[PDB]
Amino acid sequence: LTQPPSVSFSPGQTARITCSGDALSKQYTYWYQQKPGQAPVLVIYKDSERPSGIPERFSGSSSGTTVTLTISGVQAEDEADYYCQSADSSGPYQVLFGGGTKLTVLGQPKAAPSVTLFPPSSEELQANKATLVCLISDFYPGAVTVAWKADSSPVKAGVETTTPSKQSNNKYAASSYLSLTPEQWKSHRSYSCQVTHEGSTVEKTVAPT
Amino acid sequence: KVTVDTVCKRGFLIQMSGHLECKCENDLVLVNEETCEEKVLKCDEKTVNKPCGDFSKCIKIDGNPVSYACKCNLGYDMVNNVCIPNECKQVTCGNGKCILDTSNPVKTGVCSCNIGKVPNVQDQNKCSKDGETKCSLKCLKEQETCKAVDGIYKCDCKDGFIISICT
Amino acid sequence: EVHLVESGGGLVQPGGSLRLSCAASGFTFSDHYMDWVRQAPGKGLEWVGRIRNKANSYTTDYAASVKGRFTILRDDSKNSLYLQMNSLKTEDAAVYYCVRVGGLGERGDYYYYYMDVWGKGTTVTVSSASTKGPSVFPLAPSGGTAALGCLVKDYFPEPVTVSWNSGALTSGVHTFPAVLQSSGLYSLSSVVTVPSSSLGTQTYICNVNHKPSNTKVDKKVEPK
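Residue labels used throughout are counted from 1 along each chain in written sequence order rather than taken from the entry, whose numbering may differ, and residues without coordinates are not included. All chains are assigned letters beginning with A, and all ligands numbers beginning with 1, in the order in which they are written. Computation of side-chain values covers all heavy atoms of the structure but excludes hydrogens and water. Residues with missing side-chain atoms are left out of burial classes, side-chain pairs and their counts.

What the deposited record gives as its method is X-ray crystallography, and the resolution it gives is 3.100 Å.

Here's what the structure looks like:
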């Protein structure tokens, strides 16, 4: 299953979260709301119907292999993470879950992230270790996608990234560390930290000295 | 073949995991795939060719005295006092029923399952595997939506209403 | 009212075993399917497995990531659900939720398969890490401003406290929350935004204190 990692709407707008998958044409799709530090809650079952105890603003629609969760007139009470689920009976029974979507009800102007990338220090390289520190702060909504580039090529392994945490100014901050060997650092021409926030992408680059 | 646009004469459309068919009202029996009529109680001389059960009529037997019995139509045979297709004589599905493969020019029996069950490839395609089946019935009446009742899909009253009509 | 109370979570080393439990109340337990759903810290929901009722021969089904290692058990006479976890990897460390499956009919079989009731969950940690002090490394330095910091690397457990110039420098300091590496050790960074001209005149000392391991490290951050 595939759903966008983050959505953002103003209070009163009609939020929509899409869930795509080939199994969505055979069996039904179910949506779950999960607030921070709380158990998930079923809000929409059988594609479009809602269970007892869910406000009328929650609804859904099915069109082929894509199901859309609809929340008309979003309240700040609705700001949570939403997961879509389904099933696959092709072989053994398998419950399918989506990546999840962070729905942010906007409460302040969208802030672009301030990014700072540090190269491995000379002391750490002398310890046969290399760590690139990419610090991200002062962004709203609290959702971001971090990708590393080794000489303009994607980096898969050796990446450790935190989740956004609420700052004092009600903005969010995150961290992303790229572990390397000193041979990997001194070989490439550059290393980049790409921080995509609300469609816009900020890039920083460091090079050996 | 029966589709979502089929009119069930004196019946109503139901849907299972692999086909649709017409279910009769009250004590009516199927004359064909989409027609329901009253059944006779005893096969008499006057009730010859009148329906006595699902896909069965009363016929005359040219015995030593005249005799009348309830025989299944052509292509059907009697299994558990019910007429089922000849190609379904020895096809057991468990949580479902045997139907004819409409996508095969040769008559072949396949298993259509109750709602919530799908043919299990590891069990001779019987109905022994969990699996949802999306409802495709068009329930356009006033406060009628697709509801799963007794292992099948049917247009029933919306939750909180009862039958003249649903309210 | 329905309640699903998980139990049995805790810290176990990689390769070890652990058994979870779930006490159900407020409904006919023997009628429903029971599922296990886990969720890694800061990641999405992942399905573990499912056990079925007597009407479906108590059969089971799991996800490929936990196949062969996890086993789901139930005791209908005690209204309890269990999860026998074996050969635990660091990827298994997550919060495990006890889940009831709804949508059944009058036959013991289901028409639909959804998850109507969730539990509070129990936390399972998988790491072979013990108490360890951090290794502090310096972070050397348009808009007329620069940034320097201290890298608090590989420590266990939480927390650490980072001060700058013995608490004299507070303005412009941002100590980021720690990251939990796959080894089980924590690592964070603390940077301070300073004017570019003051790099050659003003001294910047970062003071890292790790009370769990009784480690106090002072580091000077100089430009280069």
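This part takes up the overall build of chain A. Where helices and strands are cited, they refer to DSSP runs of H or I of at least four residues and of E of at least two residues respectively, numbered from the N terminus. Looking only at helices and strands, one finds two helices and 17 strands in chain A. Here, residues are in contact when the closest pair of their heavy atoms is within 4.5 Å. For chain A, restricting intrachain contacts to residue pairs at least 6 apart in sequence, the fraction spanning at least 24 positions comes to 57%.

A few words on the interface of chain C and chain B. Tallying the contact residues gives 10 residues for chain C and 13 residues for chain B. Throughout, buried area stands for the accessible area (probe radius 1.4 Å) lost by two parts on being put together, summed over both. Of the roughly 900 Å² buried between chain C and chain B on both sides combined, carbon and sulfur atoms contribute 39%. Looking only at chain C, the three residues that lose the most surface to chain B are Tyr111, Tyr112 and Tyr113 of chain C, adding up to 60% of its buried area. Of the charged contacts in the structure, one is a salt bridge between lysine 117 of chain B and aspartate 109 of chain C, with a shortest N-O distance of 3.9 Å. The class makeup of the residues in the side of chain C that touches chain B is five nonpolar, one polar and four charged. Salt-bridge detection follows one rule: a side-chain nitrogen of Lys or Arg within 4 Å of a carboxyl oxygen of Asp or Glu. Amino acid classes used here: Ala, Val, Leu, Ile, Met, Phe, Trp, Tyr, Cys and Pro are nonpolar; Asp, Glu, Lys and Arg are charged; the rest, including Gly, are polar.

Turning to the pattern of salt bridges, a few remarks are in order. Summed over all chains, the structure comprises 26 salt bridges over all chains. With a closest N to O distance of 3.6 Å, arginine 57 of chain A and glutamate 77 of chain A form a salt bridge. Of the two residues, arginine 57 of chain A sits in the loop between β4 (41-44) and β5 (58-63) while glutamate 77 of chain A sits in the loop between β6 (66-71) and β7 (81-88), which places them 20 residues apart along the sequence. In the salt-bridge network here, residues are joined through shared partners; they are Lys117 and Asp130 of chain B together with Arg52, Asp61 and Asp109 of chain C.

When the parts come together, some accessible area is lost, and that loss is often what is quoted as the size of the interface. With 44 residues of chain C at the contact, the number on the chain A side is 39 residues. In total, about 3200 Å² of surface goes out of reach between chain C and chain A, with carbon and sulfur atoms giving 65% of it. Its largest share of buried area at the contact with chain A, chain C owes to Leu45, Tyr114 and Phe176 of chain C, together 17% of the area lost on that side. Our count for the chain C to chain A interface comes out at two salt bridges. The shortest N-O distance in the salt bridge between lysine 219 of chain C and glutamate 123 of chain A comes to 2.5 Å. Throughout this description, a polar contact denotes any pair of N or O atoms lying within 3.5 Å of each other; where both atoms belong to protein, one of them has to be capable of donating a hydrogen while the other can accept it, and for residues adjacent in sequence the pair is counted only when both atoms sit in side chains. Counting across the chain C and chain A interface gives eight residue pairs in polar contact. When contributions to the side of chain C that touches chain A are tallied by element, the ones reaching two or more residues are β4 (33-39), β5 (45-51), β6 (60-62), β10 (110-118), β12 (135-139), β13 (145-155), β16 (179-180) and β17 (186-195) of chain C. It is β10 of chain C that provides the largest number of residues to the side of chain C that touches chain A, a total of six residues. Each residue belonging to the side of chain C that touches chain A can be placed in one class, and the counts come to 26 nonpolar, 10 polar and eight charged.

The subject of this paragraph is the state of the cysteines. Residue and element names in this part refer to chain B. By definition, disulfides here are pairs of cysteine sulfur atoms that lie within 2.5 Å. As enumerated under the stated definition, the model contains 15 disulfides over all chains in all. The residue that forms a disulfide with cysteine 135 is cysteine 146, at a sulfur-sulfur distance of 2.0 Å. Negative torsions about the S-S bond denote left-handed disulfides, and the value of about 100° found for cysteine 135 with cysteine 146 makes this one right-handed. Of the two residues, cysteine 135 is situated in the loop between β13 (126-131) and β14 (144-149) and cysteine 146 in strand β14; the sequence distance between them amounts to 11 residues. Given the relative accessible area of 21%, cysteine 135 is considered partly exposed. Bridging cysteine 139 to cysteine 155, the disulfide has an S-S length of 2.0 Å. The sign of the -85° torsion about the S-S bond sets the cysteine 139-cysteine 155 disulfide as left-handed. Of this pair, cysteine 139 sits in the loop between β13 and β14 while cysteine 155 sits in strand β15 (residues 152-157); the two residues are 16 residues apart in sequence, bridging distant segments of the chain. Throughout, exposure labels follow a simple rule: accessible area from a 1.4 Å probe, protein chains only, divided by the maximum for the residue type, with under 20% read as buried, over 50% as exposed, and the rest as partly exposed. Taking the relative accessible area as the measure of exposure, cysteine 139 reaches 15% and is therefore buried. On the basis of relative accessible area, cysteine 155 is assigned to the partly exposed category, the value being 26%.

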